[PDB]
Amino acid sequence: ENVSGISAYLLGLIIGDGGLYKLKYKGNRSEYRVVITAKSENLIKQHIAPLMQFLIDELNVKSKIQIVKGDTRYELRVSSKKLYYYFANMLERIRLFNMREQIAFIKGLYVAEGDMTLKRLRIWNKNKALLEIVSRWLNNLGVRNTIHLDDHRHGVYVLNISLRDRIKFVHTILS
């Protein structure tokens, strides 16, 4: 479906450059947040937000897309119990993504946490198990890759995509 794909992509952005938060305030107040942060307000307004808005319309979510200016980056924020569980449940069923979703999701994760220089093809994350999942999808799409611990200061692993397959990767995934 068109929404499952846009969903997979947004989840990549979210995991890569934002998050999902179940907040608890005093006294017994709460909030659920779907967040993507970025340096460029323009990317957020022009590229990311129209995608999220579509998803919101599609799910009859009522919350508004908030764009908040932070000291170091802009934050897209949807304050919504519904949107939150939607993405959170999807994250839990990640291993079952089909090809369409796999691709969309890797695209989102790469845009967010990849080497966009493209001189090398790399993805960074502290979650090894998440990288191992991506690694297998790639291998099965004919894109060889390795994982090792890149940054010993912060426990950040890198998924390195063999440049022998640079073309199949840039073409297949970053479409």
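The first residue of the shown sequence is 1; numbering continues from there.
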Subject >> 67 to 75 set against 87 to 95, stretch whose average Cα temperature factor tops the other in the entry >> reply: 67 to 75
**OP:** Using only the Cα atoms and their B-factors as the entry lists them, report which of 136 to 144 and 122 to 130 averages higher.
**Re:** 136 to 144
Subject >> Most elevated Cα B-factor in the entry, residues 60, 53, 42, 30 >> reply: 42
Original post:
In terms of the chain's CA B-factor thirds, is residue 116 lowest, middle or highest?
Top reply: highest
Original post:
C-alpha B factor of residue 158, ranked within the chain: lowest, middle or highest third?
Top reply: lowest
Original post:
Within this chain, which third does the Cα B-factor at residue 15 fall in: lowest, middle or highest?
Top reply: middle
